[PDB]
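Protein chains in written order, with PDB author numbering: chain B, 2 to 9, 11 to 95, 95A, 96 to 106, 106A, 108 to 209; chain A, 1 to 82, 82A to 82C, 83 to 100, 100A to 100E, 101 to 126, 133 to 214.
See below for the structure under consideration.
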Amino acid sequence: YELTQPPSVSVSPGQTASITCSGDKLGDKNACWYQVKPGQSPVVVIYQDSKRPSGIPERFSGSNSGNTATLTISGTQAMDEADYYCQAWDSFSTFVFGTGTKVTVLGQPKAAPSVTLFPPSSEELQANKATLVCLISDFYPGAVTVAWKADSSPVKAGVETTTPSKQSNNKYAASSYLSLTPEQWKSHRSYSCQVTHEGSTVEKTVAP
Amino acid sequence: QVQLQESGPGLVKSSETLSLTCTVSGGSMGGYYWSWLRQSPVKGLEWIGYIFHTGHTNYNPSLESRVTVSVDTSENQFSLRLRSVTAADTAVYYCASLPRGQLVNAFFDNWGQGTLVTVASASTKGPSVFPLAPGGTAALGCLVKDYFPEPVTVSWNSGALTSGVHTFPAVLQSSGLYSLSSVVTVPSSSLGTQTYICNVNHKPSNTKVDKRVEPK
Ligand SMILES: [Cl-]
């Protein structure tokens, strides 16, 4: 089980970033927030809902009530770009963490992803196995969510998705794979790759 | 000030045991629970276990059966053993300090840098290559499935075709093997006219595969 955070929050330099963390009766607990940068020690930017450790800039503030804890950054700076994780206490697993929010401080204009979806090849099907291939390219910020649909029912098994990687043109690319049995592929009318970037969702669909 | 730094092996093979150690700088091993956590796209941020200098331990119930945390106060170090690792245990592993007190107010202050641990195949394997059949354009490609280790080199028409070629970064799948795709965007005016052949070079397994990509 986990606390719910938005996968990504992108701001231009100076805008306000608001990261929410949602859970059952979270407001009755104390939430803390971790700033995680690659290659560096994570730091506590807020503990006990709203307390700011010595060393942490005044632009970071925290709030918690109802079912939602919120981290606010105000006048977001480039150096604030990181993944933020919410955290609280849990009766069963001792600690419960948020799903994480990638905060991007825009260094270029946004770009929507180009998505291409491939069905399994005949050759792969003859070798029994079956793989659907969803390719995601030229998007910015480097944050995307990929959902697979079998007909119209969400697919929960056999999805492998890469971490977005920076292309030579400073935009990002990622790819997602759905592994199926041949009968699964031949049993449904269609499969779909749903790619959500920022707020918008583009869908691609293939059929037997 | 108290500083932490983890040490790790970098790359390990599936079914093996992962061993990490944290070296504590500054103060001594008292007043703190010494903890391990890991971070990955699939696991999110997750706590593994912590230990007191007296040896008292507490583990994450989802990891308890594979995990042992130990401490050596004479060396200002504590350690993690994670057994039977699979590709799913690929993550950045962190050591951290946990202040004494009510768990309801507990949080991890002071963290190490993190150490990346990749868990992958115990053996070299060459890829299977499959065709990905196709404004006024179309996308076609090749699927390069189940190889180890990196890298793979993909070219199109022996490298004479360069415009519109995009070869994607590999995914590390749960089996501990890699897969990638190479795709090329071409004029729809082609197809039936103009041949598209992907050349896949995987030198570690001494493998080279040529696949012709055609519309069905
Ligand atoms: Cl940038």
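The beta-carbon is built from N, C-alpha and C at its ideal position, and this holds for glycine as well.
Within 7 angstroms, strictly: CB atoms of residue i and residue j
i	j	result
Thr87/A	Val111/A	yes
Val89/A	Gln39/A	yes
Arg82A/A	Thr160/A	no
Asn204/A	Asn32/B	no
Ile48/A	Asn60/A	yes
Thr102/B	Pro7/B	yes
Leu4/A	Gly104/A	yes
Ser24/B	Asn69/B	yes
residue 239/B	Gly44/A	Residue 239/B cannot be examined here, being either before or after the span of chain B that is shown, 2 to 209.
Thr116/A	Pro202/A	yes
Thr132/B	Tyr178/B	yes
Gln195/B	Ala128/B	no
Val211/A	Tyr194/A	yes
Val152/A	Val198/A	yes
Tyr87/B	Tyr36/B	yes
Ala125/A	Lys214/A	yes
residue 215/A	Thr107/A	There is simply no residue 215/A to check, as chain A begins at 1 and stops at 214 in what is shown.
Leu178/A	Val134/B	no
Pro155/B	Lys187/B	no
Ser172/A	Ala85/A	yes
Bridge partner(s) assigned by DSSP for residue i
i	result
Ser15/A	DSSP output for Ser15/A lists no bridge partner at all.
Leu124/A	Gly139/A
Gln37/B	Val45/B and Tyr86/B
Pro155/B	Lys150/B
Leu189/A	DSSP, once it has assigned bridges, lists no residue as partnering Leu189/A.
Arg61/B	Answer is none; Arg61/B lacks a bridge partner.
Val207/B	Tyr192/B
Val109/A	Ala88/A
Proximal residues to residue i (C-beta, below 7 angstroms), its chain only, five neighbours per side dropped
i	result
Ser115/B	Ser138 and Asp139
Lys172/B	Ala112, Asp139, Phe140 and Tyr141
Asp92/B	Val97
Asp101/A	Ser94 and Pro96
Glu3/B	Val97, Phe98, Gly99 and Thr100
Alpha helix (DSSP H) segment containing residue i, residue limits
i	result
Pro183/B	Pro183 to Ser188
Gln127/B	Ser123 to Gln127
Residue range of the unbroken beta strand (DSSP E) whose run includes residue i
i	result
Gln3/A	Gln3 to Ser7
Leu118/B	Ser115 to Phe119
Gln89/B	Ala84 to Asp92
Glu161/B	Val160 to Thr162
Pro96/A	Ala88 to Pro96
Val163/A	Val163 to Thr165
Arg210/A	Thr205 to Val211
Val82C/A	No beta strand (DSSP E) holds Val82C/A; DSSP gives it neither H nor E.
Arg66/A	Premise fails: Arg66/A is in no beta strand (DSSP E) and is neither H nor E.
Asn102/A	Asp101 to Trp103
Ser138/B	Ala131 to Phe140
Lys103/B	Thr102 to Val106
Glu46/A	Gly44 to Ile51
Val11/B	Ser9 to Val13
Other residues of its chain near residue i: CB distance less than 6 angstroms, five sequence neighbours each side excluded
i	result
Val181/A	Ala137, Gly139 and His164
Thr146/B	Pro8 and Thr197
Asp85/B	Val38, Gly101 and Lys103
8 angstroms contact criterion, which residue i and residue j should meet: CB distance rounded
i	j	result
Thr72/B	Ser20/B	6 angstroms
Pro119/A	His53/A	So it is not a contact: roughly 49 angstroms between Cβ atoms.
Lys150/B	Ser193/B	4 angstroms
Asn58/A	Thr95A/B	7 angstroms
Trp36/A	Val69/A	6 angstroms
Same chain, Cβ closer than 8 angstroms to residue i, neighbours up to 5 away in sequence not counted
i	result
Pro147/A	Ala112, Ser113, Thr116, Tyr176 and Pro202
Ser25/A	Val2, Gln3, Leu4, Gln5 and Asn76
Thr105/B	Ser9, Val11, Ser12, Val13, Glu83, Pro142, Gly143 and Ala144
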